[PDB]
Amino acid sequence: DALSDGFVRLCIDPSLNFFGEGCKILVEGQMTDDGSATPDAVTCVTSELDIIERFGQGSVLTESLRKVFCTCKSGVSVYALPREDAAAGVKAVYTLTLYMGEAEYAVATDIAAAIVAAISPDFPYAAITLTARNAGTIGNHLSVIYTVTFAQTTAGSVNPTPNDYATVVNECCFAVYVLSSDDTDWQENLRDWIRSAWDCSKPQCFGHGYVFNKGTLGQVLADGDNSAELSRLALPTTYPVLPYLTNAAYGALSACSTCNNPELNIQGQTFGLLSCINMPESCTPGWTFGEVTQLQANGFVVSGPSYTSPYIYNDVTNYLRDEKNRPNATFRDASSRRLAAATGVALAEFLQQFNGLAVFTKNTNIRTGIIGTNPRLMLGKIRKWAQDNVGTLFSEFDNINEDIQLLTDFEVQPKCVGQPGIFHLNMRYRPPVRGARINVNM
Amino acid sequence: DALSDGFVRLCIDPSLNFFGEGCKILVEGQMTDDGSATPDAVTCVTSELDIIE
Amino acid sequence: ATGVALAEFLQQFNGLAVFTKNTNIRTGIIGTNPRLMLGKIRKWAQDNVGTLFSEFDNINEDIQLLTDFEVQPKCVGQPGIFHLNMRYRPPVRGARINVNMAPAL
Amino acid sequence: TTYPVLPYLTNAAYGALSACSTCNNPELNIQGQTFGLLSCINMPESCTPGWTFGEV
Amino acid sequence: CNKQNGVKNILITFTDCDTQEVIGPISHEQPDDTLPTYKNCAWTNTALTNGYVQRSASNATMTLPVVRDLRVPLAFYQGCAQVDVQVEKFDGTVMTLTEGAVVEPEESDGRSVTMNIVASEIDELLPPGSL
Amino acid sequence: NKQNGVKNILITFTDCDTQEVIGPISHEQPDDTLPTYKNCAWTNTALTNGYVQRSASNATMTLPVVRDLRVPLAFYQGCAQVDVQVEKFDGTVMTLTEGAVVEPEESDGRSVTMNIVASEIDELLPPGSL
Amino acid sequence: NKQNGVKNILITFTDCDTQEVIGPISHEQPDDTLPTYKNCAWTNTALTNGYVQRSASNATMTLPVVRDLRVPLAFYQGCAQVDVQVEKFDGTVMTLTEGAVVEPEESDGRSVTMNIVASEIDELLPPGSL
Amino acid sequence: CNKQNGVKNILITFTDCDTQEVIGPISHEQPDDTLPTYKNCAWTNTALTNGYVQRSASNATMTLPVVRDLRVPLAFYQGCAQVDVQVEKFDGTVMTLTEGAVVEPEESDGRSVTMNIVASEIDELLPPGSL
C-alpha cells in the first residue's frame, strides 16, 4: 500500500502490554490428577482459559484461580503452585436425601436425576452422594442450605506437608501468597519461609501470606501466634462459603488494590468489597459482638456481610507482641508491612550513590580534587534525604538529631576486629499518620 | 528483590534499642509461691507480660 | 597500577649522581644522597593519597630507603643499588551498609 | 551442576566484561546490576539460581 | 578541636541542564580568607507598625567562594548547571544543599569564582549536643 | 601550573564601515588586573521557594589591554568588531569571535578597557577534563 | 502571634468535563504578595444624605499561587472548580467551597494569580472572639 | 534540571496565506528577559450575583516575544502568515499550538517582535508524573 513504503512500520496487534507485568501473586493449593500441570512446580496462569486442562476440574486450586481472575482484571501476573494429595488422604463424603459453595454453584429419584444434570461441572464434590474431589480436611468445610437432608457421612483426613519452599521457590520474589488449606502445620511452615525472606543475612523478597482459620472462638486463637508474616482470617464455625475462595478473593483484591499504591488500607464498602464472593441473605454475621471484639484485639481479620457480597474489618496482621514487650502496634495494620518494604527499597536505591566512592575515615579529611567523602557528610546527606521525605514515607520526626545515626565498623567492633569500608546505619522512622477514629459526640 | 543485591543489607526489626540500658533500678518485695523465679536472686525483668508467671 | 606509577616516578634517579655515607654534596654538583631521595619519595607518596594509596597509618615507618652497602655484609654490597621498602594500603571504598530500622507509632 | 548455559560462554563473557570495563579504570568492581551484567548471555526464566544459600 | 572558625571540606556536584551529566562530588578550596556565608531561614520578614511583622516566602541562600577545578568548565560555575553543595566546618557543622541554582553570575577571572547559591532549604548537621 | 595570569592576547579588528580586517595582532597587559570572563550565556534571577528564572543573556569579557600605536583608538571603542583570543598560563584558552564593545569609557590614549559581548565564549580546558 | 502571612494553602480541583476530583494539595506563594479577601457577601453603594443602597454581590478572593507541575495549567484558569482553604500564621482559617476562577489572566506557566468567586467565605477567628 | 523557570526551545513554522508555502520549523530565541506567557483554558468567565459565574466562549492566547530571523520577511511575524509555534520549558513542559494567527501586530524595530497568537486550543505536555 502507498504511504507505507518505508520510513514507517506498522505493528498492529492487540496483545502488547506496554506497562509490563507488575505485582506478582502466588496461589498454593492441590490439583486433581485430571490436570496436566507438574505438581510442586510454580507455573504462570495467564487467562480464564483452559485452567481445568492444567490443574484439573473441580480442584480447590482451579476454583481459587477462577476467583482470583474474577476479582482482578488487569495489572497482575498470577502464579500457581500445584500440590498433590497425600497417599493416605481420605476423601470426605456427603449425602443428600439449594445453595452450595458460592452463588453460581447453587441450583424422589426423579428429583435426584434432574438435580445432578444441573449441578455445575466444576463443583469440587462429585455427585445423592457428594464426595470430595480432593483428599484431605479441605472437603470438611462444605455447607448445603436450601434457599432435603445434608449431614455428611465421612470426614476427610491427612493433609500434605511439603516443606520444599526453598527448593521450589528459591528467589522468585512474590508480593502476595495465597494458601488454600486449613492445615495449621502448612500455614506455620509458610510463616517460617516468609520470615526467612525477612532475614538480615540474605537479600529479601518482602512478601505477605493470607491464611484462614475456621472454627469456634476457643480454638481459633490457639491457632494464632505472634508472627506478623501472615494475615490470619478468622472464620466462624457456620461459614457458608468455601473458606479458600474467600481467602483467595481477599488476597487478590489486596494485591491488585495496593500494587503500586502500598499505603491504602483494605477497608470500607468501596475499597474492601469482595465482589466475586456471594452469600445468601442473612442477619447473623457469624461471630458474636464479644467474639468480634476479641478477634479484633488478637490480630484476627473479621469479615461480615454487606445475594450479598461480604466485607472485611480490621485489615491487620497477626502481630500482638514484641520480643517480650506488649505495646507494639507498629506492624499491627497490614499496610505497615507495605510501607516498610517501600521505605526499605527506596532507602536502598538512595544509598546506591556510595558504591565505590572513596571514604576518608577518622584519620584525616578530604584533599582537594578527590571525589571521596567522610562519615559526617554522608550522615548529613542521609539526614536531609530523610527530612525531604516527610509526609510521604515518614512522620515529621521525634528528634532527627537522635533518630538517625551513622557509625563506621572501626568504632563499633573491637580493636582489629573491624574491616574498612563497612558502615552501620541506625534509623528509627515513623509511619505517616492517617485517618483513624474521630469519636464524634453529638 | 531489585537492587537489594549486596551493599545495602536490610535488617528491619521492631525491637532495636539504640541507646542501651541506662540508670538501672532495683525493686524488692515479697512474692507468692506461684512464681518461677529463684528467691533471693537478682534478675532483670524484660517487660510486663511475664511478671505474673 | 601503583607499581608501574612508582616505577615511572623513580626514573629520575637512574643515572643520577649519588653521594653515599662518604660525605655531603659540594657546590655545583647535580648529585644527591639517600636522605634527600627518601624525602622526595616520601613526599610523592604523601601527595598521592586518595588515588593510589590510603590516607596513611604512620608515614615515618611505612617508607624506608637503604643503600646496598648497609644491607649486605662487608665487601658484599654494590654502589648505585638501593633497597626501598613500602607498605601499601589500598584506598577505602564503599561496602556493606547494614541498615537497621526500628519503626514506632 | 545443573547450569544450562555452556560454561565457556559465560566465562568468556565475564572475562571480556571485566577487562573491557576496567581497561583504564582499574578500580571499578565488576558487580551490581549496572556493572556486573552479562548482556550477551541469556537464560530461560527460572526460580532456582543453581546453588542454594548454604553453598552460596 | 572546637573554638576555630573555618571550613574543612567543600563538596560540589554538578548536574548539566541540557545534557544531564552528573559530575562529582569533587572537593574544592577557598580562594581567600573570606568564609562561606549562609542563610537558613527560608522566610524573609519585614517591618510593620507597632511590632507587627509580615512573613513573605523566600529562599535559603548561600554565598560560597571557591577555586574552580581545572577539570570542570567555567560555565558550570556561573549558572549553566545545577549544584548539590555540602560544606563541613571545623567545629563539626555541616551544611547540606540539594538542587541549588546560581542566580547572579558575576564575572570571574578564571581561577576564583564566587557563587550565589539559591535552594529550597539548607539543612544543618548541628554537632552533637542540641537544644 | 599554579600560576594565574595571561600569556598571550590576540585581537583581530574588523572595521564595520569599510569591511577591512586587521590582525591577529598580539597585545600587552596594562596593569595587574587580569581579564575577566563570563561564559554562561544565561542570566538567572532569584525567585521564591528556591525557584530561579532563566532569562536569555549574552557572554561578556572585560579585557584591559594596551593599545597598539598602529591601530586607531576608535577601533577599541566600538568602531570595529573584535576577535579576541586569550591564553592563560595554565593552558586554558578563551576564544571569542564576532564581538562588540558595549560601554566604551573615556580613555587616556594608552590603556583601554574593552567591555566585549559575544554570543558564546569557547574554553580549551588543558588536557584532563571531566 | 504578631506575624502576618499564610502558612498552608489547600486547593481541590474538580473538572467540569469529567467530574474528576484532585487534591487537596499544599501550594506555595509565588512572591511577597499575600492573598486578599472580601468575605462580606454584600456590596454597598453611596446615596444621598447618608443612605446606602444594599445590593447582592460575591465573596471574592485573589489567590496568587505557584502551580503544581502535576496539574494542567488550564485548571488554574477557569477550566475546573476550586475548593480552597487557607490558614494564616495567627491561626485564622478561611474556607471556600464551590469557587470558580472569574478572570483568567494570561500567565507564564509557573505563577498563577487566581481570581476566585464564591458564595461565602467562613472565618475561624482563633480563640477569643467578640 | 527542574526548579528553573524559563524557555529552552522555540519552534515556529510559517504557512503563508497567499502563496500557501510552508517554511520551518525554525528555531528562534528570546529578545529580552520576559518569558512567553500562556492561556490554556478556552473559556473566559465573568462575575455574577451571589457566587454564580457566567461562562462564555473564548480562545487560547499566547504572547511570544522572539527575535526575528533575517531569512524570513517581517510581514510573517505581523499577521500575514499562519504560525504553528511549539515552546519547551526547562522543566520539561511542552506547549504545542497549531493553526495560529497573530491578532494585534505592533510596530517593531526590525529585530524584536512580540506576537499575540490565538488558536482553538493549546496542548500541554505536562512532564512525567500527573494527577
# chains A, B, ... in the order shown; residues from 1 in each chain; ligands from 1
call {"tool": "calpha_fit_and_write", "arguments": {"fixed": "chain G", "moving": "chain F", "output": "compact mmCIF listing (two decimals) with N, CA and C atoms, in the first residue's frame"}}
result
# COMPACT_ATOMS: atom_id res chain seq x y z
N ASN F 1 -0.31 36.48 66.78
CA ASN F 1 1.10 36.13 66.89
C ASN F 1 1.97 37.23 66.29
N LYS F 2 1.32 38.33 65.89
CA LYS F 2 1.99 39.53 65.37
C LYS F 2 2.74 39.26 64.07
N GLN F 3 2.51 38.11 63.44
CA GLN F 3 3.19 37.74 62.20
C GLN F 3 2.13 37.58 61.11
N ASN F 4 2.04 38.56 60.23
CA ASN F 4 1.07 38.53 59.13
C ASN F 4 1.62 37.69 57.99
N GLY F 5 0.89 36.66 57.60
CA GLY F 5 1.31 35.80 56.52
C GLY F 5 0.54 34.50 56.52
N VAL F 6 0.66 33.78 55.41
CA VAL F 6 -0.01 32.50 55.23
C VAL F 6 0.97 31.38 55.54
N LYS F 7 0.44 30.28 56.06
CA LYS F 7 1.25 29.13 56.43
C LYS F 7 0.96 27.90 55.57
N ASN F 8 -0.31 27.64 55.26
CA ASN F 8 -0.67 26.55 54.37
C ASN F 8 -1.73 27.02 53.38
N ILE F 9 -1.64 26.53 52.15
CA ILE F 9 -2.64 26.76 51.12
C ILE F 9 -3.02 25.41 50.54
N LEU F 10 -4.28 25.02 50.70
CA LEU F 10 -4.79 23.77 50.17
C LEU F 10 -5.82 24.06 49.09
N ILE F 11 -5.68 23.40 47.94
CA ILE F 11 -6.58 23.58 46.81
C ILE F 11 -7.05 22.21 46.35
N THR F 12 -8.35 22.08 46.08
CA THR F 12 -8.93 20.87 45.54
C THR F 12 -9.57 21.19 44.19
N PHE F 13 -9.19 20.44 43.17
CA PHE F 13 -9.64 20.70 41.81
C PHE F 13 -10.73 19.70 41.42
N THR F 14 -11.82 20.22 40.86
CA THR F 14 -12.92 19.40 40.36
C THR F 14 -13.15 19.78 38.90
N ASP F 15 -12.73 18.91 37.98
CA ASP F 15 -12.88 19.19 36.56
C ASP F 15 -14.36 19.27 36.22
N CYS F 16 -14.73 20.31 35.47
CA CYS F 16 -16.13 20.57 35.15
C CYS F 16 -16.69 19.66 34.07
N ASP F 17 -15.83 18.98 33.31
CA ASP F 17 -16.28 18.12 32.22
C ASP F 17 -16.28 16.64 32.59
N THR F 18 -15.18 16.15 33.16
CA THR F 18 -15.05 14.74 33.51
C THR F 18 -15.45 14.42 34.94
N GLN F 19 -15.72 15.44 35.76
CA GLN F 19 -16.13 15.26 37.16
C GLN F 19 -15.11 14.43 37.93
N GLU F 20 -13.84 14.76 37.75
CA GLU F 20 -12.75 14.13 38.49
C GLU F 20 -12.23 15.10 39.54
N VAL F 21 -12.03 14.60 40.76
CA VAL F 21 -11.60 15.41 41.89
C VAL F 21 -10.14 15.10 42.19
N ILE F 22 -9.35 16.16 42.39
CA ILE F 22 -7.93 16.04 42.69
C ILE F 22 -7.62 16.97 43.85
N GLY F 23 -6.98 16.43 44.89
CA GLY F 23 -6.60 17.22 46.04
C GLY F 23 -6.99 16.55 47.34
N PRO F 24 -6.89 17.30 48.46
CA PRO F 24 -6.40 18.68 48.50
C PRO F 24 -4.88 18.77 48.52
N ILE F 25 -4.31 19.36 47.48
CA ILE F 25 -2.86 19.44 47.32
C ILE F 25 -2.37 20.76 47.89
N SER F 26 -1.34 20.69 48.74
CA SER F 26 -0.73 21.90 49.27
C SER F 26 -0.02 22.66 48.16
N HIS F 27 -0.02 23.99 48.28
CA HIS F 27 0.53 24.86 47.25
C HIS F 27 1.55 25.81 47.88
N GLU F 28 2.12 26.68 47.05
CA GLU F 28 3.28 27.47 47.40
C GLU F 28 3.09 28.91 46.94
N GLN F 29 3.52 29.85 47.78
CA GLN F 29 3.33 31.26 47.48
C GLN F 29 4.40 31.74 46.51
N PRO F 30 4.04 32.48 45.45
CA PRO F 30 5.03 32.85 44.44
C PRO F 30 5.87 34.07 44.79
N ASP F 31 5.31 35.02 45.53
CA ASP F 31 6.03 36.25 45.83
C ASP F 31 5.56 36.78 47.18
N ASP F 32 5.86 38.04 47.46
CA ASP F 32 5.59 38.64 48.76
C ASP F 32 4.16 39.15 48.90
N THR F 33 3.33 39.03 47.87
CA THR F 33 1.95 39.50 47.94
C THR F 33 1.09 38.42 48.60
N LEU F 34 0.38 38.80 49.66
CA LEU F 34 -0.45 37.86 50.39
C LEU F 34 -1.82 37.71 49.72
N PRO F 35 -2.48 36.57 49.92
CA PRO F 35 -3.86 36.44 49.44
C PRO F 35 -4.76 37.50 50.06
N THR F 36 -5.73 37.96 49.28
CA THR F 36 -6.56 39.09 49.66
C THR F 36 -8.02 38.65 49.65
N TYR F 37 -8.79 39.12 50.63
CA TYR F 37 -10.10 38.55 50.91
C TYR F 37 -11.19 39.61 50.85
N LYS F 38 -12.43 39.13 50.72
CA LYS F 38 -13.61 39.97 50.87
C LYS F 38 -14.76 39.04 51.25
N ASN F 39 -15.19 39.11 52.52
CA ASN F 39 -16.16 38.15 53.04
C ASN F 39 -17.60 38.64 52.93
N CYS F 40 -17.83 39.94 53.07
CA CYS F 40 -19.19 40.47 53.05
C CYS F 40 -19.80 40.25 51.67
N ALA F 41 -20.82 39.40 51.60
CA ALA F 41 -21.43 39.01 50.34
C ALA F 41 -22.33 40.08 49.74
N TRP F 42 -22.32 41.29 50.29
CA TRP F 42 -23.11 42.40 49.78
C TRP F 42 -22.18 43.55 49.42
N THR F 43 -22.47 44.20 48.30
CA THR F 43 -21.72 45.37 47.86
C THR F 43 -22.61 46.60 48.04
N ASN F 44 -22.14 47.55 48.83
CA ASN F 44 -22.89 48.76 49.11
C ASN F 44 -22.62 49.81 48.05
N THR F 45 -23.38 50.90 48.11
CA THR F 45 -23.21 52.00 47.16
C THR F 45 -23.61 53.30 47.85
N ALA F 46 -22.82 54.34 47.62
CA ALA F 46 -23.08 55.62 48.26
C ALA F 46 -24.34 56.26 47.69
N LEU F 47 -25.18 56.79 48.58
CA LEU F 47 -26.36 57.55 48.21
C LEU F 47 -26.33 58.89 48.93
N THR F 48 -27.42 59.64 48.90
CA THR F 48 -27.44 60.96 49.52
C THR F 48 -27.99 60.89 50.94
N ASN F 49 -27.61 61.90 51.74
CA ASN F 49 -28.02 62.01 53.14
C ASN F 49 -27.66 60.77 53.94
N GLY F 50 -26.51 60.19 53.64
CA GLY F 50 -26.00 59.06 54.40
C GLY F 50 -26.65 57.73 54.09
N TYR F 51 -27.67 57.70 53.25
CA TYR F 51 -28.29 56.43 52.89
C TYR F 51 -27.34 55.60 52.04
N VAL F 52 -27.54 54.29 52.08
CA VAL F 52 -26.69 53.35 51.36
C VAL F 52 -27.57 52.28 50.74
N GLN F 53 -27.31 51.96 49.48
CA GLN F 53 -28.07 50.93 48.77
C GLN F 53 -27.31 49.61 48.85
N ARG F 54 -27.93 48.61 49.45
CA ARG F 54 -27.33 47.29 49.58
C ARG F 54 -27.76 46.42 48.41
N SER F 55 -26.81 46.05 47.57
CA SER F 55 -27.06 45.19 46.42
C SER F 55 -26.36 43.86 46.62
N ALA F 56 -27.05 42.77 46.30
CA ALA F 56 -26.48 41.45 46.47
C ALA F 56 -25.26 41.29 45.58
N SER F 57 -24.24 40.61 46.11
CA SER F 57 -22.97 40.48 45.41
C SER F 57 -22.37 39.13 45.79
N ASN F 58 -21.09 38.95 45.50
CA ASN F 58 -20.41 37.68 45.68
C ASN F 58 -19.13 37.86 46.48
N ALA F 59 -18.73 36.79 47.16
CA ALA F 59 -17.51 36.79 47.96
C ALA F 59 -16.33 36.36 47.09
N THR F 60 -15.27 37.15 47.10
CA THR F 60 -14.15 36.97 46.19
C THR F 60 -12.88 36.63 46.96
N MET F 61 -11.86 36.20 46.22
CA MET F 61 -10.57 35.85 46.81
C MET F 61 -9.51 35.97 45.73
N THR F 62 -8.51 36.81 45.97
CA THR F 62 -7.38 36.97 45.06
C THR F 62 -6.22 36.16 45.63
N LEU F 63 -6.01 34.97 45.08
CA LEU F 63 -5.05 34.02 45.63
C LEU F 63 -3.92 33.75 44.64
N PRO F 64 -2.77 34.40 44.80
CA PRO F 64 -1.61 34.07 43.95
C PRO F 64 -0.87 32.87 44.51
N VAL F 65 -0.69 31.84 43.68
CA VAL F 65 -0.02 30.61 44.07
C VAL F 65 0.95 30.19 42.97
N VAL F 66 1.85 29.28 43.32
CA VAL F 66 2.72 28.62 42.35
C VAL F 66 2.04 27.35 41.89
N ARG F 67 1.91 27.19 40.57
CA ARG F 67 1.25 26.02 40.03
C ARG F 67 2.04 24.75 40.34
N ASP F 68 1.33 23.63 40.38
CA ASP F 68 1.93 22.33 40.62
C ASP F 68 2.09 21.63 39.27
N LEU F 69 3.29 21.13 39.01
CA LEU F 69 3.60 20.55 37.70
C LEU F 69 2.83 19.27 37.41
N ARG F 70 2.18 18.68 38.41
CA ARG F 70 1.35 17.51 38.19
C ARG F 70 -0.10 17.86 37.87
N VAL F 71 -0.42 19.14 37.77
CA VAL F 71 -1.78 19.61 37.51
C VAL F 71 -1.75 20.45 36.24
N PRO F 72 -2.64 20.19 35.28
CA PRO F 72 -2.66 21.00 34.06
C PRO F 72 -2.94 22.47 34.36
N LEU F 73 -2.31 23.35 33.57
CA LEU F 73 -2.45 24.78 33.79
C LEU F 73 -3.88 25.26 33.59
N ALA F 74 -4.67 24.53 32.79
CA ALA F 74 -6.05 24.95 32.54
C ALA F 74 -6.88 24.92 33.81
N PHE F 75 -6.52 24.07 34.78
CA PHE F 75 -7.29 23.98 36.02
C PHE F 75 -7.22 25.28 36.81
N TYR F 76 -6.15 26.05 36.65
CA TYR F 76 -5.97 27.30 37.37
C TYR F 76 -6.56 28.50 36.64
N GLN F 77 -7.22 28.29 35.49
CA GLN F 77 -7.70 29.39 34.68
C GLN F 77 -9.18 29.25 34.32
N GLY F 78 -9.94 28.47 35.09
CA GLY F 78 -11.37 28.38 34.91
C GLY F 78 -11.90 27.09 34.34
N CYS F 79 -11.08 26.05 34.20
CA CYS F 79 -11.53 24.76 33.70
C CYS F 79 -11.91 23.80 34.81
N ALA F 80 -11.90 24.24 36.07
CA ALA F 80 -12.23 23.36 37.18
C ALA F 80 -12.67 24.19 38.37
N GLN F 81 -13.62 23.66 39.13
CA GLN F 81 -14.01 24.28 40.39
C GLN F 81 -12.95 24.03 41.45
N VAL F 82 -12.73 25.01 42.31
CA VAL F 82 -11.65 24.98 43.29
C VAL F 82 -12.23 25.05 44.69
N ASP F 83 -11.64 24.28 45.60
CA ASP F 83 -12.00 24.27 47.02
C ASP F 83 -10.75 24.72 47.78
N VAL F 84 -10.62 26.02 47.96
CA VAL F 84 -9.41 26.61 48.52
C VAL F 84 -9.53 26.68 50.04
N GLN F 85 -8.40 26.50 50.72
CA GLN F 85 -8.36 26.55 52.18
C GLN F 85 -7.03 27.17 52.57
N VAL F 86 -7.06 28.35 53.19
CA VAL F 86 -5.87 29.10 53.53
C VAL F 86 -5.87 29.35 55.03
N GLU F 87 -4.75 29.05 55.69
CA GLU F 87 -4.57 29.27 57.12
C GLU F 87 -3.46 30.29 57.33
N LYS F 88 -3.78 31.37 58.03
CA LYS F 88 -2.80 32.41 58.32
C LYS F 88 -1.89 31.96 59.47
N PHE F 89 -0.88 32.77 59.76
CA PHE F 89 0.04 32.45 60.84
C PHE F 89 -0.58 32.66 62.22
N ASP F 90 -1.48 33.63 62.35
CA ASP F 90 -2.11 33.92 63.63
C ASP F 90 -3.29 33.01 63.95
N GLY F 91 -3.45 31.91 63.22
CA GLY F 91 -4.48 30.93 63.50
C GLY F 91 -5.73 31.06 62.65
N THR F 92 -5.93 32.19 61.99
CA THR F 92 -7.12 32.38 61.17
C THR F 92 -7.10 31.44 59.98
N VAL F 93 -8.26 30.86 59.68
CA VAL F 93 -8.42 29.94 58.56
C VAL F 93 -9.57 30.43 57.69
N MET F 94 -9.29 30.60 56.40
CA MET F 94 -10.32 30.95 55.42
C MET F 94 -10.68 29.69 54.64
N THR F 95 -11.96 29.35 54.63
CA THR F 95 -12.45 28.16 53.94
C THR F 95 -13.38 28.58 52.82
N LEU F 96 -13.13 28.06 51.62
CA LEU F 96 -13.92 28.38 50.44
C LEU F 96 -14.26 27.08 49.73
N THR F 97 -15.52 26.94 49.32
CA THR F 97 -15.99 25.71 48.69
C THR F 97 -16.82 26.07 47.46
N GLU F 98 -16.64 25.28 46.40
CA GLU F 98 -17.37 25.47 45.14
C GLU F 98 -17.07 26.84 44.53
N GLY F 99 -15.78 27.15 44.42
CA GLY F 99 -15.36 28.40 43.83
C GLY F 99 -15.32 28.35 42.32
N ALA F 100 -14.95 29.49 41.73
CA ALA F 100 -14.83 29.59 40.28
C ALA F 100 -13.89 30.74 39.95
N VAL F 101 -13.11 30.56 38.89
CA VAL F 101 -12.17 31.58 38.43
C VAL F 101 -12.87 32.44 37.39
N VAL F 102 -12.90 33.75 37.62
CA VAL F 102 -13.72 34.66 36.82
C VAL F 102 -12.93 35.31 35.70
N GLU F 103 -11.78 35.90 36.00
CA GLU F 103 -11.02 36.69 35.03
C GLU F 103 -9.60 36.15 34.94
N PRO F 104 -9.41 35.03 34.24
CA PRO F 104 -8.06 34.48 34.09
C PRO F 104 -7.15 35.45 33.34
N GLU F 105 -5.90 35.50 33.76
CA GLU F 105 -4.89 36.33 33.13
C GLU F 105 -3.92 35.46 32.34
N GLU F 106 -3.12 36.12 31.51
CA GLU F 106 -2.14 35.43 30.67
C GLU F 106 -0.94 35.10 31.55
N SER F 107 -0.80 33.84 31.94
CA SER F 107 0.22 33.42 32.89
C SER F 107 1.43 32.84 32.16
N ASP F 108 2.59 32.96 32.80
CA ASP F 108 3.85 32.53 32.19
C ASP F 108 4.11 31.04 32.34
N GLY F 109 3.26 30.31 33.05
CA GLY F 109 3.43 28.88 33.21
C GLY F 109 4.01 28.44 34.54
N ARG F 110 4.40 29.37 35.41
CA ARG F 110 4.85 29.02 36.75
C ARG F 110 3.96 29.61 37.84
N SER F 111 3.73 30.92 37.82
CA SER F 111 2.94 31.60 38.83
C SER F 111 1.62 32.05 38.23
N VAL F 112 0.52 31.74 38.92
CA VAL F 112 -0.82 32.09 38.46
C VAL F 112 -1.53 32.84 39.57
N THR F 113 -2.29 33.86 39.19
CA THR F 113 -3.12 34.62 40.11
C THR F 113 -4.57 34.18 39.93
N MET F 114 -5.17 33.68 41.00
CA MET F 114 -6.51 33.11 40.94
C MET F 114 -7.51 34.12 41.49
N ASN F 115 -8.42 34.58 40.63
CA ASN F 115 -9.52 35.45 41.03
C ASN F 115 -10.73 34.54 41.24
N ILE F 116 -10.94 34.14 42.49
CA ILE F 116 -11.93 33.12 42.84
C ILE F 116 -13.17 33.79 43.39
N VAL F 117 -14.33 33.22 43.08
CA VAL F 117 -15.62 33.76 43.51
C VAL F 117 -16.43 32.63 44.13
N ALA F 118 -16.98 32.88 45.31
CA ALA F 118 -17.83 31.92 46.00
C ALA F 118 -18.98 32.66 46.66
N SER F 119 -20.03 31.90 47.00
CA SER F 119 -21.19 32.50 47.65
C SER F 119 -20.83 33.09 49.01
N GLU F 120 -20.01 32.38 49.78
CA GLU F 120 -19.62 32.86 51.10
C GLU F 120 -18.32 32.18 51.50
N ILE F 121 -17.48 32.93 52.22
CA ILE F 121 -16.19 32.45 52.69
C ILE F 121 -16.22 32.39 54.21
N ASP F 122 -15.79 31.26 54.77
CA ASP F 122 -15.82 31.03 56.20
C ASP F 122 -14.56 31.57 56.87
N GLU F 123 -14.70 31.94 58.14
CA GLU F 123 -13.60 32.45 58.95
C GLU F 123 -13.55 31.65 60.25
N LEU F 124 -12.33 31.32 60.69
CA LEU F 124 -12.19 30.45 61.86
C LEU F 124 -11.97 31.22 63.15
N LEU F 125 -11.41 32.43 63.09
CA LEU F 125 -11.32 33.31 64.25
C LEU F 125 -10.65 32.64 65.44
N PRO F 126 -9.32 32.56 65.46
CA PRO F 126 -8.60 31.83 66.53
C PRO F 126 -9.12 32.17 67.91
N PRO F 127 -8.93 31.28 68.89
CA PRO F 127 -9.76 31.31 70.11
C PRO F 127 -9.75 32.67 70.80
N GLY F 128 -10.93 33.06 71.28
CA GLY F 128 -11.14 34.39 71.82
C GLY F 128 -11.81 35.27 70.79
N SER F 129 -13.12 35.47 70.92
CA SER F 129 -13.89 36.17 69.90
C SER F 129 -14.95 37.04 70.56
N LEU F 130 -15.44 38.01 69.79
CA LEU F 130 -16.52 38.90 70.21
C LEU F 130 -16.16 39.66 71.48
call {"tool": "residues_around", "arguments": {"residues": "residue 36 (chain D)", "least_positions_apart": "2", "cutoff": "10 Å", "atoms": "only C-alpha atoms", "output": "list in words"}}
result
residues 14, 17, 18, 21, 29, 30, 31, 32, 33, 34, 38 and 39 of chain D
call {"tool": "write_last_selection", "arguments": {"atoms": "C-alpha atoms", "output": "PDB file, in the first residue's frame"}}
result
ATOM      1  CA  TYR D  14      32.723 -12.429  32.342  1.00  0.00           C
ATOM      2  CA  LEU D  17      33.290  -7.600  30.526  1.00  0.00           C
ATOM      3  CA  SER D  18      35.799  -7.295  33.370  1.00  0.00           C
ATOM      4  CA  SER D  21      35.112  -2.156  31.665  1.00  0.00           C
ATOM      5  CA  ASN D  29      34.365  -3.760  40.909  1.00  0.00           C
ATOM      6  CA  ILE D  30      32.527  -5.856  38.328  1.00  0.00           C
ATOM      7  CA  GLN D  31      29.337  -6.223  40.363  1.00  0.00           C
ATOM      8  CA  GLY D  32      25.793  -4.951  40.691  1.00  0.00           C
ATOM      9  CA  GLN D  33      23.012  -4.903  38.126  1.00  0.00           C
ATOM     10  CA  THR D  34      24.655  -1.883  36.478  1.00  0.00           C
ATOM     11  CA  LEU D  38      26.448 -10.147  31.213  1.00  0.00           C
ATOM     12  CA  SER D  39      24.247  -8.754  28.454  1.00  0.00           C
TER      13      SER D  39
END
call {"tool": "atom_distance", "arguments": {"atom1": "CA of residue 304 (chain A)", "atom2": "CA of residue 156 (chain A)"}}
result
28.0 Å
call {"tool": "residues_around", "arguments": {"residues": "residue 86 (chain H)", "least_positions_apart": "5", "cutoff": "10 Å", "atoms": "only C-alpha atoms", "output": "VMD selection string"}}
result
chain H and resid 9 to 13 25 27 94 to 98 122 to 123
call {"tool": "atom_distance", "arguments": {"atom1": "CA of residue 318 (chain A)", "atom2": "CA of residue 266 (chain A)"}}
result
15.7 Å
call {"tool": "interface_residues", "arguments": {"of": "chain E", "to": "chain H", "cutoff": "10 Å", "atoms": "only C-alpha atoms", "output": "list in words"}}
result
residues 15, 16, 17, 18, 19, 20, 80, 81, 82, 83, 99, 100, 101, 119 and 120 of chain E
call {"tool": "interface_residues", "arguments": {"of": "chain B", "to": "chain C", "cutoff": "7 Å", "atoms": "only C-alpha atoms", "output": "MDAnalysis selection string"}}
result
chainID B and resid 7:16
call {"tool": "interface_residues", "arguments": {"of": "chain A", "to": "chain D", "cutoff": "9 Å", "atoms": "only C-alpha atoms", "output": "JSON, numbers by chain"}}
result
{"A": [42, 166, 167, 168, 169, 170, 171, 172, 173, 202, 356]}
call {"tool": "interface_residues", "arguments": {"of": "chain E", "to": "chain G", "cutoff": "9 Å", "atoms": "only C-alpha atoms", "output": "PyMOL selection string"}}
result
chain E and resi 51-58
call {"tool": "write_last_selection", "arguments": {"atoms": "C-alpha atoms", "output": "short mmCIF file (atom, residue, chain, number, x, y, z; two decimals), in the first residue's frame"}}
result
data_model
loop_
_atom_site.label_atom_id
_atom_site.label_comp_id
_atom_site.auth_asym_id
_atom_site.auth_seq_id
_atom_site.Cartn_x
_atom_site.Cartn_y
_atom_site.Cartn_z
CA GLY E 51 5.94 45.36 66.30
CA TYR E 52 3.92 43.51 63.66
CA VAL E 53 5.87 41.55 61.05
CA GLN E 54 4.79 40.25 57.64
CA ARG E 55 6.22 36.85 56.69
CA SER E 56 6.96 36.57 52.96
CA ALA E 57 8.19 33.36 51.36
CA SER E 58 11.84 33.44 50.32
#
